[PDB]
Each structure stands twice: as structure tokens, then as C-alpha cells.
Amino acid sequence: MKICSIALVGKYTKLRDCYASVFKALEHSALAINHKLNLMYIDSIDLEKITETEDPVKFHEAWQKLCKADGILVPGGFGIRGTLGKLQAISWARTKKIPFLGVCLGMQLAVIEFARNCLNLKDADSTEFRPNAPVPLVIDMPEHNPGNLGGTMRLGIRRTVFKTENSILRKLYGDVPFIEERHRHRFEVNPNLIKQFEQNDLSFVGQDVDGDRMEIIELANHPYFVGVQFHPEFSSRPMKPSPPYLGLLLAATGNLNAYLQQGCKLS
């Protein structure tokens, strides 16, 4: 088979049990388009300047892996650790037009990266690990559901509704007006800052049922640059690969338009 190389920019330099569902979703997608998956694991701190100084061999190893990648994935995340590295990975994929998928934290970092470098909102940040942030672009937004005391994390299966008929993800999900996926997050794009994005290339193409939380992003003028707040891994299966992962492997291999034109068989 032809090989597809995908960089997973995360916490470790090898397969850990926290990425098992993620690996399985990529493999379903790979098999479904008759490619062998070569998943390169990159510890995101290695891509940072600090590592160039203290361990340049690791630094150049990380960047070589990132630069040979046909597709780049920033999955759901742990903490403040290696955030700058992930932003650099995202910057690379954006500017070099490499197929990109950001999941939960990876969507949020993608929003922040676009804000800093394409909207010139230089200090745009998440309040999660700096609550006194000047531009609070990503913020703590609990649900307040019936039968509970106080706010809670957005958890379990939820409906995401498409805001437009011109979304590549909508196509890949089989042209339905909404989807149901699993959530585990409390930080959201700040609604006070959404107006800033309207004349620019990053669009919010999916939202929760109430319309307060932006859940899917897509970058125009790029072959495939996608972020989702939910974890699409958890609904992937061999005969129905998770569309966002399928779209990444399709785009990484140069086969996306062909799949659209054959009628999205695997949706």
C-alpha cells in the first residue's frame, strides 16, 4: 500500500493508552482508503524554542517529523504543558497548507492561533491557565441544566447544529443538519469576540442547540483545516470511520474531492 504520514502533536513520543481511541479512528480512516497509517508521535514541548536551547537534537527530530507530515492532528489535551509547541504546529499547518484537525483543546488553540496571527489580537488567550488575560477569547462556560445545582461541564452526547450548507464536514457527515457526538469540555470561544472573525477566513460552521457555543471551525482557502470541540474518536468504527478523521486522511492523501464526487459512500 501507499503510506500516509500523520503527525500527532500531543504529550508523548509514542502510543499511550490515552490516545487509543484516536489511533483507532485514524486506522479506520486509513484502511478505508487503502493506505498504511504511519502515525508520528510528537511531544509538543520538543517543537518549542526552549528545547532548541537545551536539547537541539530532540528539537530537530520533532521538526523533521512535523515537516514530513502529510496531515497534522492536535488531539484533546492535558494542561498548560506544551501549549506553545502546539500553537507552532498549528501555525505550520495553517501557513504551509498541510491538512489539519484540532480536537477540543486543539480547536481552541486553533482559534487562538488565528486570532494572534491573522486578526492581530496579539494577547488572545484562554483564561483556563491565565484568568487575568487581557483578550479572553476562550473562557469558562458551564451548562446550567434542570435538576442540577450550579454549573457543570459540557458532558456526554450533545447535538451540534450546522450553521451553513457550505461546510466540508457537513458533506462528510452525509449532508445532515446536525450531528450527535460526545463532549468533555467547559471552555468555549467567547461570544463577545465572535464578531472579530466575520470578514476573515476562519468560520464557525457548527454550534450547540442554544447557539452560545461554537463547536466546529473551518478555514477557507486551505484544503482541510478543521477544529471540533467534541471527540469524534468515540463514534468511529471500521465501516463508518469518524468523518473528521476520514476527511483528514483523504485530504492528506490528495483524495478528498474524488470521495465527495463518488457520493460520500462511508458516511
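Heads up: the sequence shown begins at 296 in PDB author numbering, then just goes up one per residue.
Using N, Cα and C, we set each Cβ at its ideal position, and we do this for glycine too.
Enumerate in chain order the residues of its own chain whose CB-to-CB distance from residue i is below 8 Å, with the five nearest sequence positions on each side excluded.
i: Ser316; result: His526, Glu528, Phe529 and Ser531
i: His330; result: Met296, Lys297, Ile298, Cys299, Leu544 and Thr548
i: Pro518; result: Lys392, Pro394, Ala546 and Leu551
i: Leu414; result: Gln491, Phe492 and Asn495
Return yes when the C-beta of residue i is under 8 Å from any heavy atom of the ligand MG, and no when it is not.
i: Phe457; result: Looking at this structure, you won't find the ligand MG or any other ligand, since it has none at all.
Exposed or buried, residue i, counting other C-beta atoms within 10 Å across all chains shown (16 or more means buried)?
i: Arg311; result: exposed
i: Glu475; result: exposed
i: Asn485; result: buried
i: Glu349; result: exposed
i: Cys399; result: buried
i: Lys360; result: buried
i: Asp470; result: exposed
i: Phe424; result: exposed
i: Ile337; result: buried
i: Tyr307; result: exposed
i: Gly501; result: buried
i: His478; result: buried
i: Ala553; result: exposed
i: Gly446; result: exposed
In three-state DSSP terms, what is residue i?
i: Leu450; result: strand
i: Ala515; result: coil
i: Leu541; result: helix
i: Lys297; result: strand
i: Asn333; result: strand
i: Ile385; result: helix
i: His323; result: helix
i: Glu347; result: helix
i: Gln502; result: strand
i: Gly401; result: helix
i: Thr390; result: helix
May I have the straight-line CA-CA distance separating residue i from residue j, to the nearest angstrom?
i: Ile340; j: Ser421; result: 19 Å
i: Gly374; j: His480; result: 13 Å
i: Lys381; j: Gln557; result: 35 Å
i: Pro426; j: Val433; result: 10 Å
i: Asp435; j: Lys417; result: 20 Å
i: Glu483; j: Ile407; result: 11 Å
i: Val352; j: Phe409; result: 29 Å
i: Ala515; j: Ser498; result: 8 Å
i: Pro441; j: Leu334; result: 43 Å
i: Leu561; j: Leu332; result: 18 Å
i: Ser462; j: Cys559; result: 14 Å
i: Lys344; j: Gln383; result: 10 Å
i: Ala364; j: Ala302; result: 6 Å
i: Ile328; j: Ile367; result: 18 Å
i: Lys466; j: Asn443; result: 36 Å
i: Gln403; j: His439; result: 22 Å
i: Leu464; j: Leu555; result: 11 Å
i: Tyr314; j: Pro370; result: 8 Å
i: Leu326; j: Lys309; result: 21 Å
i: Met448; j: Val304; result: 25 Å
i: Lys319; j: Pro533; result: 9 Å
i: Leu342; j: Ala357; result: 6 Å
i: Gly506; j: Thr390; result: 30 Å
i: residue 563; j: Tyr468; result: Since the first and last residues shown for the chain are 296 and 562, residue 563 lies out of range.
Excluding five sequence neighbours on each side, which residues of the same chain lie with their C-beta closer than 7 Å to the C-beta of residue i?
i: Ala405; result: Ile385, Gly397, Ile512 and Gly522
i: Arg454; result: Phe473, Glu475 and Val504
i: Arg411; result: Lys417 and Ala419
Can you tell me where the alpha helix (DSSP H) holding residue i begins and where it ends?
i: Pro351; result: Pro351 to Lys363
i: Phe424; result: No alpha helix (DSSP H) holds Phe424; DSSP gives it neither H nor E.
i: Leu310; result: Per DSSP, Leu310 belongs to no alpha helix (DSSP H) and is neither H nor E.
Where do the N-terminal and C-terminal ends of the beta strand (DSSP E) with residue i fall, by residue?
i: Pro431; result: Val430 to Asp435
i: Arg477; result: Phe473 to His480
i: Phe395; result: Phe395 to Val398
i: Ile375; result: That residue, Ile375, is in no beta strand (DSSP E); it is neither H nor E in DSSP.
i: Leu414; result: Taken as a continuous stretch (DSSP letters only), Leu414 belongs to no beta strand (DSSP E), as it is neither H nor E.
Quick one: residues in its chain with C-beta nearer than 6 Å to the C-beta of residue i, no 5 flanking neighbours on either side, listed in chain order?
i: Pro429; result: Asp418
i: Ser324; result: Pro536, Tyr540, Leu541 and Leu544
i: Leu488; result: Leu432
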